Amino acid sequence: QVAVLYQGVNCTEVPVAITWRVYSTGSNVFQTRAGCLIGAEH
Amino acid sequence: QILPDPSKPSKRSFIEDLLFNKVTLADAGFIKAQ
Ligand SMILES: *[C@@H]1O[C@H](CO)[C@@H](O)[C@H](O)[C@H]1NC(C)=O
């Protein structure tokens, strides 16, 4: 299992990142000053 | 003058405030001239 950090992004535009898109389902997307973290529970 | 000052958002002393004002950062960077 893994989590993904898109660094330097206000993740309102990441839902469409661009290959793999398994993780965007989320339901636990979280916003940090370093970027947006997907796949981790706060 | 060196112990914390509870009346600030950051619990910094007096001299620490002076020091943080004397130095002016350039192109610091945050979550967003670059
Ligand atoms: C991220 O974007 C939303 C709307 O696109 C905005 O309301 C929010 O303030 C932005 N984040 C920051 C840290 O400004």
# chains A, B, ... in the order shown; residues from 1 in each chain; ligands from 1

$ residues_around --residues "residue A:24" --least-positions-apart "6" --cutoff "9 Å" --atoms "only C-alpha atoms" --output "PyMOL selection string"
chain A and resi 14-17+38-39

$ residues_near_ligand --ligand "ligand 1" --cutoff "10 Å" --atoms "only C-alpha atoms and all ligand atoms" --output "number ranges by chain"
A: 9-13, 31-33, 35; B: 30-32

$ write_last_selection --atoms "N, CA, C and O atoms" --output "PDB file, in the first residue's frame"
ATOM      1  N   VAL A   9       0.635  21.900  -5.226  1.00  0.00           N
ATOM      2  CA  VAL A   9      -0.611  21.944  -5.980  1.00  0.00           C
ATOM      3  C   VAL A   9      -1.772  22.164  -5.024  1.00  0.00           C
ATOM      4  O   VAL A   9      -1.933  21.418  -4.055  1.00  0.00           O
ATOM      5  N   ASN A  10      -2.582  23.179  -5.307  1.00  0.00           N
ATOM      6  CA  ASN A  10      -3.894  23.317  -4.685  1.00  0.00           C
ATOM      7  C   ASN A  10      -4.823  22.311  -5.342  1.00  0.00           C
ATOM      8  O   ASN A  10      -5.383  22.582  -6.408  1.00  0.00           O
ATOM      9  N   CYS A  11      -5.011  21.152  -4.712  1.00  0.00           N
ATOM     10  CA  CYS A  11      -5.640  20.027  -5.403  1.00  0.00           C
ATOM     11  C   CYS A  11      -7.142  20.264  -5.549  1.00  0.00           C
ATOM     12  O   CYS A  11      -7.988  19.641  -4.905  1.00  0.00           O
ATOM     13  N   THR A  12      -7.452  21.216  -6.427  1.00  0.00           N
ATOM     14  CA  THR A  12      -8.714  21.263  -7.141  1.00  0.00           C
ATOM     15  C   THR A  12      -8.544  20.930  -8.614  1.00  0.00           C
ATOM     16  O   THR A  12      -9.531  20.590  -9.272  1.00  0.00           O
ATOM     17  N   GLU A  13      -7.318  21.011  -9.135  1.00  0.00           N
ATOM     18  CA  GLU A  13      -7.016  20.707 -10.526  1.00  0.00           C
ATOM     19  C   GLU A  13      -6.378  19.338 -10.713  1.00  0.00           C
ATOM     20  O   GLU A  13      -6.233  18.891 -11.855  1.00  0.00           O
ATOM     21  N   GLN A  31      -5.102  18.288   2.452  1.00  0.00           N
ATOM     22  CA  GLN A  31      -4.371  19.427   1.910  1.00  0.00           C
ATOM     23  C   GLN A  31      -3.321  19.871   2.918  1.00  0.00           C
ATOM     24  O   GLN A  31      -3.658  20.186   4.063  1.00  0.00           O
ATOM     25  N   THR A  32      -2.057  19.901   2.500  1.00  0.00           N
ATOM     26  CA  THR A  32      -0.968  20.332   3.360  1.00  0.00           C
ATOM     27  C   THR A  32      -0.191  21.449   2.679  1.00  0.00           C
ATOM     28  O   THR A  32      -0.278  21.645   1.466  1.00  0.00           O
ATOM     29  N   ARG A  33       0.585  22.181   3.477  1.00  0.00           N
ATOM     30  CA  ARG A  33       1.350  23.290   2.924  1.00  0.00           C
ATOM     31  C   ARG A  33       2.383  22.826   1.912  1.00  0.00           C
ATOM     32  O   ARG A  33       2.873  23.643   1.126  1.00  0.00           O
ATOM     33  N   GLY A  35       1.651  20.501  -0.373  1.00  0.00           N
ATOM     34  CA  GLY A  35       0.932  20.063  -1.551  1.00  0.00           C
ATOM     35  C   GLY A  35      -0.376  19.394  -1.196  1.00  0.00           C
ATOM     36  O   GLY A  35      -1.076  19.831  -0.275  1.00  0.00           O
TER      37      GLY A  35
ATOM     38  N   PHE B  30       5.894  29.597  -1.375  1.00  0.00           N
ATOM     39  CA  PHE B  30       4.780  29.055  -0.607  1.00  0.00           C
ATOM     40  C   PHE B  30       3.944  28.183  -1.541  1.00  0.00           C
ATOM     41  O   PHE B  30       4.359  27.863  -2.659  1.00  0.00           O
ATOM     42  N   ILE B  31       2.759  27.788  -1.081  1.00  0.00           N
ATOM     43  CA  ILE B  31       1.791  27.091  -1.927  1.00  0.00           C
ATOM     44  C   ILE B  31       1.025  28.160  -2.699  1.00  0.00           C
ATOM     45  O   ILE B  31       0.172  28.855  -2.146  1.00  0.00           O
ATOM     46  N   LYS B  32       1.338  28.302  -3.982  1.00  0.00           N
ATOM     47  CA  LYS B  32       0.745  29.348  -4.801  1.00  0.00           C
ATOM     48  C   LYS B  32      -0.407  28.796  -5.633  1.00  0.00           C
ATOM     49  O   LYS B  32      -0.267  27.778  -6.309  1.00  0.00           O
TER      50      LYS B  32
END
